[PDB]
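Inspection log for the structure reproduced underneath, given as C-alpha cells.
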Amino acid sequence: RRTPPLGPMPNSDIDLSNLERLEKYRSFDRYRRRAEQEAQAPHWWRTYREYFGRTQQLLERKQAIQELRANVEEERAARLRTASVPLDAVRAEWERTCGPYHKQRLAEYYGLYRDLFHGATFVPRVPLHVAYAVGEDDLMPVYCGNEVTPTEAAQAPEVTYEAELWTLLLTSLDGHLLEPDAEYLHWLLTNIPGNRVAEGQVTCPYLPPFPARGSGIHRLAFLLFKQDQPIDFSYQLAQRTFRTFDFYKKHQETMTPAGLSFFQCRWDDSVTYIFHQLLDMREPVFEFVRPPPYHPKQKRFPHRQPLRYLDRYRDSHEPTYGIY
Amino acid sequence: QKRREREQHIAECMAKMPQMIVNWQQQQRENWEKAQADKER
Amino acid sequence: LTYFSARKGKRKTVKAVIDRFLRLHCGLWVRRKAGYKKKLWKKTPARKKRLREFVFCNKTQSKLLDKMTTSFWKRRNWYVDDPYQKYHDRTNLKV
Amino acid sequence: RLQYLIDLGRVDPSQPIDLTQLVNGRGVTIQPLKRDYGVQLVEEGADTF
Amino acid sequence: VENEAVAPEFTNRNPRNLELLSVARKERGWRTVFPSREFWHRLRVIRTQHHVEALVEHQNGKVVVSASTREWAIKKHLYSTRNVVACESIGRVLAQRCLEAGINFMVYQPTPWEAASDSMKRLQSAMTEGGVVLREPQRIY
Amino acid sequence: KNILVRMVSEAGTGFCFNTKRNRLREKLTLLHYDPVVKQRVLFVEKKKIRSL
Amino acid sequence: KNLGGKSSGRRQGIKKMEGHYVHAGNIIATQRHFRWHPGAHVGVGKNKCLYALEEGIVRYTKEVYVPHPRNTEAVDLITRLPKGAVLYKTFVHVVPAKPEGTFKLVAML
Amino acid sequence: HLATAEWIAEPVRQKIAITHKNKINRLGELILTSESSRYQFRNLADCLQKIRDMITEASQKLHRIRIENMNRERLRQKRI
RNA sequence: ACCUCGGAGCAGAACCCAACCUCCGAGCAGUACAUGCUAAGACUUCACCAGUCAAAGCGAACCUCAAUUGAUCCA
Ligand SMILES: [Mg+2]
Ligand SMILES: [Mg+2]
Ligand SMILES: [Mg+2]
C-alpha cells in the first residue's frame with residue numbers, strides 16, 4: 001500500500017537518463033557543501049530541526065585596496081608569508097562599522113533579548129566602553145559577554161563613549177534570589193549630560209554584582225539609552241527588584257536603547273563581603289543537584305542479574321539486625 | 001617473612017624494569033631496521 | 001529424590017544442589033555461571049566479566065531447589081564474617 | 001533488645017549479665033547444636049541505650 | 001529578616017550557564033556521520049574562492065562569533081583575501097574577538113586534507129597563541 | 001599453525017596471561033599491564049600451553 | 001543435497017518505536033546492516049545496535065547522509081553522484097526529557 | 001567558634017580560618033556535619049575526625065578555571 | 001543421504017514460522033597486547049542453559065570478520 005509523497009521527493013529533478021552526461025561531484029567537499037544546503041532547507045518529512053530547534057564607499061575602498069596591493073613589500077611579504085595585520089586598527093574600525101550587528105548576535109546568543117525585552121531585538125549603535133579600575137595601574141574592560149570577578153567590580157566603573165541625553169542601566173538578568181523572573185539592578189544613572197557620567201542623577205546607586213556560591217555563572221547587562229526629553233523617574237532587595245521590560249514600557253516614548261555591554265560573574269570572597277557586610281544577611285549557598293538514578297521496579301526473582309542487584313534497592317550500607 | 005620476600009623481590013625486579021624496557025624498545029627498533037632491510041631484497 | 005528414607009522415614013537433600021547453589025534466607029538461590037572457567041582464551045573480556053558473576057535463579061528453578069533440599073538449609077545462619085550476610089533480608093520491596 | 005529486657009524486669013542490671021541471665025530472661029534463644037557459639041552484641045540501638 | 005527570603009530552587013537562565021560548569025549535555029550521538037555534533041562550540045572555517053571566513057557556533061547553529069574578510073575593517077589591511085596570511089590574520093582577529101565573548105574553548109574538526117593544509121595549521125597556531133584552546137573540557141556527569 | 005603460550009610477568013611477579021603466536025616465529029616478549037605493579041611491564045613467554 | 005539453513009530468527013528490528021519514553025542505555029533497535037543510523041543522543045555498539053544515551057523520547061527522521069572522510073567506501077560512493085544528488089538516511093534521535101540537574105539551596109551560611 | 005578556640009594554635013587558627021573558610025558561619029563558627037551513618041555516634045566520630053584532620057592538615061575541574069583566569073588576565077592587559 | 005552453527009528464499013511491509021524444501025557457507029585466519037578493572041540500563045533465537053549491547057567510573061592512550069563452536073563431573 002503506497003501513499004504518494006506529500007511535496008517533491010529529493011533527487012527528483014537531477015534524475016535523468018544520461019548520468020554520464022551529468023557532471024559529478026569529483027570531491028568530498030562539494031558534496032558536503034550541497035549536503036549542508038539541503039540540511040538547512042525546510043522539508044516536509046520529519047527532521048532533526050523540528051525536535052531540537054554608498055558609491056563613495058566602494059570608490060574609496062576600491063582605490064584604497066588598489067593602492068594597498070600596489071606596494072612591493074606587501075606583495076613580497078605576503079608571498080613569503082611574513083606579513084601580518086595590526087589588530088588595533090581592525091579593532092577600532094570593527095567598533096565603527098559592523099561591530100553593532102555582532103554585538104546583536106552576542107546579545108541574541110546570550111538571551112539578553114528574550115529575557116531583557118521579551119524578544120524586542122535592537123542594534124547597539126553606540127560603541128560603548130566600560131572598564132573597572134584594577135588598582136591604579138590597569139583596568140579590566142567590559143566587552144560583550146566577558147568574565148569579570150566581583151572583586152574587580154567592587155567599585156563603580158569608568159564609562160567612556162563617543163556621543164552627544166543618556167540614561168545608563170545595569171541589571172543582573174538571573175541573580176534574583178526569590179523571583180525567577182525579575183532582576184536586581186545595580187545602578188541607574190539618568191539625564192546624563194553628554195559623555196561625562198558623574199553629572200548624572202544617581203537614582204539607584206551602585207551595588208557590586210552578587211552571584212551566590214554554586215549558583216552558576218551570571219550575566220550582567222549594561223544598557224545605554226538615547227534620551228530625548230529629560231524625564232523624572234520613580235540595600236533592600238525588595239527595592240532593587242524590577243523588570244526592564246515594563247520599566248522600559250513606561251519610558252519608551254522619548255527613550256530608545258543605543259548601547260550594550262554585558263559580562264559574566266561567578267562567586268568570589270568579595271561576595272561574602274557583599275552579603276554579610278552591606279546587605280546584612282546570611283549568604284545563600286546553592287549546589288547543583290542531579291536527579292536520582294532510575295532503577296526499574298524491584299522483582300521477587302531477579303533472574304540472571306548479578307548479586308549487586310540487591311544493593312541498587314537498599315538505602316543503608318550498614319548491617320541491619322531485625323527483631324534481634 | 002613470606003610477604004617481605006615477595007615484596008622485596010617485586011621491588012627489586014621493578015627497579016630493574018625501566019632499563020629492560022629501554023633495551024627492549026631498542027631491540028624493537030632493530031626488528032624495524034632489520035625487517036625493512038629484509039623487505040628491500 | 002528420596003521422600004521417605006528407609007532408616008528415618010525423613011526427606012533427604014540432594015547433595016548436588018548444595019554443592020552448587022547458595023540459598024539466601026529470603027528465598028533467592030545464587031549460582032555461578034556455567035563455563036566460567038572454560039576456554040577463557042577465546043572469550044572476550046566482556047563475556048569473561050559476565051561469567052565471573054553470582055547470578056540469581058529463576059522462580060521455578062528456585063522452587064525446584066527448595067523441594068530438593070530440607071529445612072536445615074532454609075534456616076537463619078548468623079555466621080561471623082559472612083560475605084553474603086547483607087543479602088539475606090530483602091530490603092524495600094513493593095511486592 | 002537489651003535495653004528492652006532491662007526495662008521490663010527480665011534482665012537485672014544490678015547483677016552481672018552472663019549468658020545464663022540472658023537465657024533465663026528469655027531475651028536470647030541460643031542453641032549449641034546448630035553450632036551457635038553464643039551471643040554477639042550488636043550496635044543497633046546504641047543511641048537511646 | 002525580609003532580605004534573606006531565598007527561593008529554595010535557584011533559577012539561572014544564562015544560556016551559557018551549564019556549559020561553563022561543563023555540566024550541560026553535548027549531543028553524544030551521530031557516529032556514522034561527519035562531523036561529530038558533540039561539542040558546545042565549534043570553529044568552522046569557510047574558505048571560498050575569494051574569501052576566508054571563520055565562525056564560532058553553538059550546537060544550535062547560532063553563530064556566536066564570526067570574522068570574515070568580507071568586512072572592511074579587516075579586508076583593507078590585507079594584500080589578498082585568500083592566502084595563508086589571510087588565515088593567520090583571521091585567526092588573530094577571530095581569537096581576539098572570542099576572548100571578549102567569554103568563549104575560551106572551541107572544537108575544530110577538519111577534513112584530513114584541511115588538517116594538513118598550511119593555512120589551517122597557521123590558523124590553529126593563531127588561535128592557540130591568541131588565547132583559545134581548541135579542545136573542550138569533558139562533560140561532568 | 002598457532003600456539004597458545006603463557007606470558008609471565010618479569011616484575012610484580014606471579015602474573016601470567018595467555019596469548020596466541022605462530023609456531024615458527026620467535027619467543028614473545030611484550031609490554032603487558034601488571035595490575036599488581038599497576039604498570040606496563042615486559043612479560044616473557046615461558047611455556048606453550050596448547051597448540052591450537 | 002541441501003544441508004544447513006536451519007538457523008533461527010535473530011529477533012532483530014525496532015525495540016522502541018517512535019514516541020516511546022526511553023531510559024538511558026535502553027537498546028532502541030538491533031540491526032544486521034545499518035537500516036537505521038544513530039542520531040542525537042543515540043549510541044552504536046559493535047553489533048550495529050542502537051542504544052540510548054539520555055532519557056527521553058525516540059524520534060525517527062530523514063537526514064542528509066555525509067560520511068566521515070576516512071570512510072573510503074561511502075566517500076567513493078559520494079563522488080560518483082551527480083551534482084545535485086544528495087543521499088538521505090533515516091536516523092533515530094532521543095529527545096532528552098529531564099534537565100540535567102537543578103540548583104538547590106543548601107545552607108544559609 | 002573558630003576565633004575563640006584556645007585549644008587550636010593561632011597560626012593553625014589562621015590556616016583553618018582561610019582554607020576552610022567555606023564552612024565558617026557569619027558568627028565566625030566553623031560548622032561541620034556528617035550524615036554518613038544511622039548511628040549518631042559514628043556521625044559524631046566522623047565530625048570530630050574531620051576537625052582533627054583540619055588541625056593536622058593546617059599545621060603542616062581546576063583546569064578550566066586556570067584557563068579562564070589566564071584569559072581574564074589577557075583581557076586585563078588594558079591600562080590608562 | 002543426514003544429525004551442530006550461520007546467510008538468502010519460502011516467510012514481499014514489527015517479531016516468529018516447517019519440510020529427506022531451494023541455494024550458499026562455517027568448524028578459521030589476521031592485527032593487537034589497557035583483548036585492563038569495574039558498572040547504570042537493556043536485548044535475547046520462542047523455556048532453561050548459554051548468548052549479546054552498554055553509558056558513567058577508576059586506570060590508561062592521545063579489534064576485523066557472520067558462522068568461526070562444546071555443559072557438568074573429572075583430570
Ligand atoms: Mg532460514
Ligand atoms: Mg527453525
Ligand atoms: Mg526469549
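Lettering of chains follows the sequences in order, A, B, ..., and the numbering in each one begins at 1.
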Take atom P in I:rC73 and the same atom in I:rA50, then report the distance between them in whole Å.
13 Å
Is C:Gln61 touching bases, backbone alone, or none of the nucleic acid, heavy atoms closer than 4.0 Å?
sugar-phosphate
Proximal nucleotide (of I:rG36, I:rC53, I:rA29) relative to the G:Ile27 side chain:
I:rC53
Answer yes or no on whether E:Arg37 is positioned over the face of E:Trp30, meaning its NZ or CZ is under 6.0 Å from the six-membered ring centre and within 45° of the axis.
yes
Is it true that a side-chain atom of C:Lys43 and a backbone atom of C:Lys38 form a donor plus acceptor pair closer than 3.5 Å?
yes
Would you mind telling me which of I:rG6, I:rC73, I:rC48 lies closest to the side-chain atoms of G:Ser7?
I:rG6
Sugar conformation, I:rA40 - torsion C1'-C2'-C3'-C4' sign:
north
note: G:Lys6, atom NZ; I:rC20, atom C1'; distance rounded to Å ~ 9 Å
Can you name the one residue among E:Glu136, E:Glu38, E:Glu19 that meets salt bridge (charged side-chain N to carboxylate O under 4.0 Å, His left out) with E:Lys26?
E:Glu136
Within the 4.0 Å heavy-atom criterion, would you say G:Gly25 contacts the bases, only the backbone, or no part of the nucleic acid?
base
Taking only the P atom of each, what is the distance from I:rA67 to I:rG27 in whole angstrom?
13 Å
So which nucleotide from I:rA13, I:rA42, I:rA40 ends up closest to the side chain of A:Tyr294?
I:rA42
Suppose the criterion is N1-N3 plus one more Watson-Crick contact, or the two G-U wobble contacts, each under 3.5 Å; do I:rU52 and I:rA32 qualify?
no
Checking all strands, does A:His303 fall into the base, sugar-phosphate, or nothing category for heavy-atom contacts under 4.0 angstrom?
sugar-phosphate
Given I:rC43, I:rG70, I:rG7, the nucleotide with the shortest approach to the side chain of G:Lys15
I:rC43
Going through the checks in order, is the salt bridge (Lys or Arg N to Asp or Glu O under 4.0 Å) test met by F:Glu10 and B:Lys16?
CA-CA 10 Å; F:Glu10 279 298 323; B:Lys16 207 185 310 290; over 6 Å; no
Less than 4.0 Å between a side-chain N and a carboxylate O, is that true for F:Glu45 and F:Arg21?
yes
Taking the minimum atom-to-atom distance to the side chain of E:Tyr141, which one of I:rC53, I:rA56, I:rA42 wins?
I:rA56
Taking 4.0 Å as the cut-off, does a side-chain nitrogen or oxygen of G:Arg10 come that near to OP1 or OP2 on I:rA8?
yes
Does A:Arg304 make a cation-pi contact with A:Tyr309 (under 6.0 Å, within 45 degrees of the axis)?
no
So what does F:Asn22 hit on the nucleic acid, given a heavy-atom distance under 4.0 Å: a base, only sugar-phosphate, or nothing?
sugar-phosphate
Among the nucleotides I:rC48, I:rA54, I:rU52, whichever has the atom closest to the side chain of G:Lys46 is I:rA54
How far does the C1' atom of I:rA39 sit from the matching atom of I:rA56, given to the nearest Å?
8 Å
Cation over ring, G:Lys62 on G:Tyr88, under 6.0 Å and within 45°?
no
Counting any heavy atom closer than 4.0 Å, what does E:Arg28 reach on the DNA or RNA strands: base, sugar-phosphate only, or nothing?
sugar-phosphate
Using heavy atoms to find the nearest nucleotide of RNA chain I for C:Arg47 and E:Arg139 separately, return the residue whose nucleotide is more 5′.
C:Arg47
Shortest side-chain distance from G:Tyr51, nucleotide among I:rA55, I:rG70, I:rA39
I:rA55
Looking only at atom P, what distance separates I:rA66 and I:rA26, rounded to whole Å?
14 Å
Classify G:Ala24 by what it touches in the nucleic acid, base, sugar-phosphate, or nothing, heavy-atom distance under 4.0 Å.
base
Selected nucleotide, minimal atom distance to G:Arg11 side chain, candidates I:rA8, I:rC46, I:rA29:
I:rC46
Is there a Watson-Crick or G-U wobble pair linking I:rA50 and I:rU69, both distances under 3.5 Å?
no
With a 3.5 Å limit on both atom pairs, tell me what I:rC5 is paired to, counting Watson-Crick and G-U wobble, or say none.
I:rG25
OP1 or OP2 of I:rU22 sitting under 4.0 Å from any side-chain N/O of G:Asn2?
yes
Phosphate OP1/OP2 of I:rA40: any G:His23 side-chain N/O under 4.0 Å:
no
Suppose we define a pair by two distances each less than 3.5 Å, Watson-Crick or G-U wobble; what does I:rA56 pair with here?
none
Is the closest basic N to carboxylate O distance between C:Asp66 and C:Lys63 below 4.0 Å?
no
Please determine whether any donor N or O and acceptor N or O are separated by less than 3.5 Å between the side chain of A:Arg304 and the base of I:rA50.
yes
N/O (side chain, G:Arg32) to phosphate O (OP1/OP2, I:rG7) under 4.0 Å
yes
It should be established whether G:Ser8 places a side-chain nitrogen or oxygen under 4.0 Å from OP1 or OP2 of nucleotide I:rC46.
yes
Heavy atoms only, 4.0 Å cut-off, all strands: where does F:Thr19 land among base, sugar-phosphate and nothing?
base
Nearest-Å distance once atom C1' is located in both I:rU52 and I:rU45
11 Å
Label I:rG59 north or south, basing it on the sign of the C1'-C2'-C3'-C4' dihedral.
north
Please determine whether a side-chain nitrogen or oxygen atom of C:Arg20 lies at a distance below 4.0 Å from atom OP1 or OP2 of I:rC73.
no
Around atom CD of B:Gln19, are there more than 12 heavy atoms of other residues, nucleotides or ligands at under 6.0 Å?
no
Please report the distance separating the P of I:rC43 from the corresponding atom of I:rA54, rounded so that it comes out in whole Å.
16 Å
For nucleotides I:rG51 and I:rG6, find the distance between their P atoms and express it as a whole number of Å.
15 Å
Measuring only the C1' atom in each nucleotide, how far is I:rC5 from I:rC33? A whole number of Å is fine.
30 Å
Of the listed nucleotides (I:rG41, I:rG51, I:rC53), which one gets closest to any side-chain atom of A:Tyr313?
I:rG41
I:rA71 with I:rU64: Watson-Crick or G-U wobble pair, both contacts under 3.5 Å?
no
Donor-acceptor pair present, F:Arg40 side chain and I:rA34 base, under 3.5 Å
yes
Among the candidates I:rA39, I:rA42, I:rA66, find the nucleotide nearest to the side-chain atoms of C:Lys49.
I:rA39
Specify whether both conditions hold for I:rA18 and I:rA19: six-membered ring centres separated by under 5.5 Å, and ring planes at an angle under 30°.
yes
Taking OP1 and OP2 of I:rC28, is either one under 4.0 Å from a side-chain nitrogen or oxygen of C:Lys42?
no
For adjacent nucleotides I:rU45 and I:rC46, indicate whether their bases are stacked under the rule of ring centres within 5.5 Å (strictly under) and plane angle under 30°.
no
Would you say a side-chain N or O of G:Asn26 is under 4.0 Å from OP1 or OP2 of I:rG41?
no
On RNA chain I, compare the nucleotides closest to G:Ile14 and C:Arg32; which residue's is nearer the 5' end?
G:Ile14
